[PDB]
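Visitor: model the structure of this input:
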Amino acid sequence: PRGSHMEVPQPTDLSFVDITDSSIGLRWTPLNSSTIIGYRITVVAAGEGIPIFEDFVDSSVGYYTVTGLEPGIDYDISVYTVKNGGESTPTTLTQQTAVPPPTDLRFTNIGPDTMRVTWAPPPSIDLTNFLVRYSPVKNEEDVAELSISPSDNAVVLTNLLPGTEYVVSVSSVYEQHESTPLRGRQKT
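Guide: Numbering: from 1, shown residues only. Shown next is the structure:
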């Protein structure tokens, strides 16, 4: 088959960085095979079959990018070492672009048992909702939850206990997938 040889090693140390705004960066360490032609990289969502993406770089390149990925969906990335119409077996790994969390959580005690909580939503994403979780700092198991409109950047928590500290987390939710929690704590 491929015959003429000293096999074509694949690369190693495949690395993937994401979020930062839909941009996935893929980097790796050069293969061993002497006189390489370049690399071929594919990114494919882990499900249906049409959305595969491909890019090809030169031998002197060790990274490449893919844009506008879907938040919360798993992608498999494969890098092949290329040598004039000859390719190595690929190295691969999976990546799940994070759902952008909200930012800058602010507390405003508006009553002895009431507090207003506001935040800045993640720009450029049509969220399903924000999920608010809160509980006393001494009993995180007495957590309470609230599902807030994606167009809403605030919520009033009521019926809180006097002289009590609460832990409040706000999470973006996009098709069942939550962002890391935006967390803060305040005392009534």
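Visitor: does residue 74 touch residue 18 like I think?
Guide: No - contact status for residue 74 versus residue 18: not in contact, 11.7 Å apart, counting by C-beta atoms under 8 Å. (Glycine included, C-beta is placed from N, CA and C.)
Visitor: any shared contact partners between those two?
Guide: residue 95 (C-beta atoms under 8 Å, 6 or more residues apart in numbering).
Visitor: which one of the two has more residues nearby?
Guide: residue 18 (18 against 13; other C-beta atoms under 10 Å).
Visitor: in contact with the more buried one, which residues are there?
Guide: Residue 18 neighbours (C-beta under 8 Å, 6+ apart): 24, 25, 69, 95, 97, 98.
Visitor: who touches stretch 180-188?
Guide: 98, 101-103, 105-107, 109, 112-115, 117, 119, 133, 137, 160-171.
Visitor: residue 43 should be in a strand, yeah?
Guide: Yes - checked against DSSP: H, G, I helix; E, B strand; the rest coil, residue 43 lies within a strand.
Visitor: got the domain boundaries for this structure?
Guide: 1-97, 98-188 (curated CATH domains).
Visitor: picking up where we left off before, drop anything exposed from the contacts of residue 18.
Guide: Buried subset of these (neighbour count, 16 or more other C-beta atoms under 10 Å): 24, 69, 95, 97, 98.
Visitor: what packs against the helix or strand containing the third one?
Guide: Right, residue 95. Element membership of residue 95 [criterion: DSSP states H and E] is strand 91-96. Packing partners of strand 91-96 (3 or more C-beta pairs under 8 Å, 6 or more residues apart in numbering; DSSP states H and E): strand 12-17, strand 74-82.
Visitor: now the ones you listed in CSV, with distance to residue 41?
Guide: Output for these, formatted as CSV (distance: least, C-beta to C-beta, whole Å):
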stretch, distance to residue 41
strand 12-17, 10
strand 74-82, 5
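Visitor: pick the most buried one from the ones you listed.
Guide: Mean neighbours per residue, mean count of other C-beta atoms under 10 Å, is largest over these for strand 74-82, with a mean of 21.
Visitor: that one - contacts with which helices or strands?
Guide: strand 12-17, strand 24-29, strand 38-45, strand 91-96.
Visitor: wait, which of the ones you listed is closest to residue 65?
Guide: strand 24-29 (5.4 Å; C-beta to C-beta).
Visitor: tell me the strands beside the closest one, with direction?
Guide: Strands that pair with strand 24-29, judged by DSSP bridges, come out as strand 12-17 (antiparallel), strand 63-66 (antiparallel).
Visitor: need the CA coordinates for stretch 122-129. PDB is fine.
Guide: The C-alpha atoms that make up stretch 122-129 are tabulated as PDB, following Å, rounded to 0.1, in the frame of the first residue of the first chain:
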ATOM      1  CA  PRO A 122     -23.700  37.900  27.700                       C
ATOM      2  CA  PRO A 123     -23.900  39.900  24.400                       C
ATOM      3  CA  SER A 124     -24.700  38.300  21.100                       C
ATOM      4  CA  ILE A 125     -26.600  35.200  22.200                       C
ATOM      5  CA  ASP A 126     -30.300  34.500  22.400                       C
ATOM      6  CA  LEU A 127     -30.500  32.700  25.700                       C
ATOM      7  CA  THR A 128     -33.400  30.400  26.800                       C
ATOM      8  CA  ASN A 129     -33.400  31.800  30.300                       C
END
